[PDB]
Amino acid sequence: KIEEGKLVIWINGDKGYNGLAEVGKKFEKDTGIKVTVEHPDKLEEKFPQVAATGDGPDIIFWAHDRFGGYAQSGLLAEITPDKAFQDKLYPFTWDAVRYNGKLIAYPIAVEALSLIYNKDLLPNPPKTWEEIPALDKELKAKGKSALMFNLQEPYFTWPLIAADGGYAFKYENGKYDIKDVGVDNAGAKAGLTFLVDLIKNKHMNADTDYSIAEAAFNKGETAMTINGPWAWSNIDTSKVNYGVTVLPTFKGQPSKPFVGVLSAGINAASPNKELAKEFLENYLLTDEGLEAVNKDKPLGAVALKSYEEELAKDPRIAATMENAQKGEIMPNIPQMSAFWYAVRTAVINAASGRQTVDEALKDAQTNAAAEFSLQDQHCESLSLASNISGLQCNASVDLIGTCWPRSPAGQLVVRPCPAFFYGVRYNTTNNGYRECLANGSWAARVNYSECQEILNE
Ligand SMILES: OC[C@H]1O[C@H](O[C@H]2[C@H](O)[C@@H](O)[C@@H](O)O[C@@H]2CO)[C@H](O)[C@@H](O)[C@@H]1O
């Protein structure tokens, strides 16, 4: 458990943490409270793993789209800023952090991906995606490359996939339809087909991650990169003469990046709740506070009206806003992470040719919509027919495909042993045993010691 009398904050390592550290350093010699800022790898997934065990940081910075999930697991306190404080920020940023009626975080900044290009290597930037393959074949000559960006994270490839009709969840009569998923329609299919083709013809390498693309652009090896306002800082230091511009169109349609609002949540387990509120409202979300972070790594447009009034003239902020305009603010519904993971997997499996586009994307449809396997359905039909009173274990299938049907609590359940002729599973004459516990959980212990064939296999 986190201790009382300090503040532990987590932010992504691509953001201006050292800028945030100074705000906490100003906070420290003002109230007398130690603020230590960290930036763990895989933060957005690490937070729920530590939190639910009452162990996270006090405050957490991530784009708003993950917050609905956190809120549903009960990891976030609901924030209580007065009407005076709410007026200091843009209404739409508040919408982004509003979940099931309640405000669940403080909005900080509006992020959108932009096309970044090298002016010395590329006077005029391409307007269409279709002309980049033609462009890279010219840059073959001078040992340079047209375009590299993070192909590991579907945030970067989504703008292309969304362009021609692909979407996450259908919005419908003031709500998202979590079963209606635009991940393998004609539009999404086209977009990825096009991406996959850039790698086949060797215009990009499927193993290109964030820091590979970053290093390539900033040293002058590549002509373009796709990135957000945080990236700018290092590019300045590099002294590369760069432009920030509207993302290329695909099939005459604009790229549609998913816009994120950087946001700060309060750990529901954290005792230091008022102290956390004290920090964000009075120290971070201020001209000074936000300026300090922005200097370190640019935030984009900021949620605080007053300080946004300052940054507005920056042509690069304009470009961010032009792209954000073409795209959309992400939903914050708890299914967003199932969506992201689906697309993350689709893109990588296709990127490496483990799957075709259509296989990769039909899988993504499955994944994103939280749909039931055939195996799931088969197993659930095993008890539906006969009725039990009281606590029950839900049907589930274990990692060797044994179906443990819905069963009464506190009972031993007997199922046929698995065996496999090559890929073909079948059931033997022997049995495996598993207890359904008094509390409706399946026991971790599964006795397979009589399963003669599988032991031999
Ligand atoms: O790649 C999917 C990923 O995209 C977004 O994460 C962004 C984040 O919002 C940006 O601020 C920046 O740090 O880059 C991240 C991409 O690595 C979503 O916010 C996130 O939920 C999603 O998984």
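Coordinate-derived values only; no laboratory data. Cβ coordinates were reconstructed from backbone atoms using ideal geometry, including for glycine residues, and neighbour counts include every protein chain displayed.
Quick notes on this structure:
- Its Cα gyration tensor gives the chain an equivalent ellipsoid. The semi-axes, each the square root of 5 times an eigenvalue, are 42, 32, 19 Å from largest down.
- For the stretch 113-240: relative contact order, % (alpha-carbon pairs under 8 angstrom, 6 or more apart): 37 percent
- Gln86/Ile400 FRET efficiency (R0 60 Å; Cβ-Cβ; nearest 0.05): 0.65
- Placing +1 on the Cβ of every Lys and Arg and -1 on the Cβ of every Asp and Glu, with nothing else charged, gives the stretch 74-189 a dipole about its Cα centre of roughly 200 debye.
- 5 angstrom amide H check on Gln355, placed H, neighbours 5+ away: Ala350
- In sequence order, the stretch 258-271 has phi-based couplings of 7, 7, x, 9, 4, 9, 10, x, 10, 3, 4, 7, 4, x Hz under the Karplus curve 6.51 cos²θ - 1.76 cosθ + 1.60, θ = phi - 60°, and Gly or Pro positions carry x.
- Residue-wise HN-Hα coupling along the stretch 58-66, computed from phi with Karplus coefficients 6.51, -1.76, 1.60 (Hz; x: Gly, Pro): 5, 10, 9, 9, 8, 4, 4, 3, 7
- Under 5 Å from the amide H of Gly432 lie the amide H atoms of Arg415, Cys417, each residue being 5 or more positions distant or on a separate chain, with H modelled from the backbone and absent for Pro and chain starts.
- Sum of side-chain charges, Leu151 neighbourhood, beta-carbon under 12 Å (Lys, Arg +1; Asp, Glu -1): -2
- The amide H of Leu76, built 1.01 Å from its N in the peptide plane, has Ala268 as neighbours under 5 Å, considering only residues 5 or more places off or on other chains.
- The mean sequence distance of close C-alpha pairs (under 8 Å, at least 6 residues apart), as a share of the length of the stretch 81-159, puts its relative contact order at 14 percent.
- Links that overshoot a 31 Å alpha carbon limit, given the list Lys219/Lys297; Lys26/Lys175; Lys29/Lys313: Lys26/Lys175; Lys29/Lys313
- Per-selection Kirkwood Rh - the stretch 246-377 (Cα, Å, 1 d.p.): 18.5 Å
- Karplus-derived HN-Hα couplings along the stretch 434-447 (A = 6.51, B = -1.76, C = 1.60, θ = phi - 60°), whole Hz, x at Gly and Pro: 8, 8, 8, 6, 3, 9, x, 9, 6, 4, 6, 6, 10, 8
- Between 0 and 90°, nearest 10: helix 17-31 axis offset from the chain longest Cα axis: 90 degrees
- Directionally averaged projected area (convex hull, Cα atoms, the stretch 1-159), nm²: 13.5 nm²
- Centre separation in Å (Cα based) which lies between the stretch 224-303 and the stretch 1-74: 16 Å
- Relative contact order %, the chain, counting alpha carbon pairs below 8 Å whose residues are six or more apart: 20 percent
- Rounded to the nearest 10 degrees, the inclination of helix 336-351 to the longest alpha-carbon principal axis of the chain is 90 degrees.
- Taking a straight Cα-Cα cut-off under 17 Å and skipping sequence neighbours fewer than 8 places away in the same chain, the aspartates and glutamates within cross-link reach of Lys144 are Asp120, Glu131, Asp136, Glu214, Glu221.
- Pair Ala438, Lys142: separation of 7 Å Cα→Cβ label points (nm): 7.6 nm
- Here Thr80, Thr193 are placed in order of increasing Cβ neighbour count within 10 Å, fewest first, which gives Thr80, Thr193.
- Residue among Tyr17, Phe339, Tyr99 farthest towards the positive dipole end of the chain, charges placed on Cβ: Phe339
- Ordering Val414, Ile400, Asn456 by Cα displacement along the dipole of the stretch 370-457 toward the positive end leaves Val414 in first place; charges were set at the Cβ atoms of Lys, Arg (+1) and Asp, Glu (-1).
- FRET efficiency, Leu122 to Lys200 (Cβ-Cβ, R0 35 Å, nearest 0.05): 0.90
- Estimated FRET transfer efficiency when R0 is 60 angstrom, pair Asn430-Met321 (beta carbons, to 0.05): 0.35
- Considering the stretch 370-457 at the alpha-carbon level, its Rg and Dmax are found to be 13.4, 41 Å.
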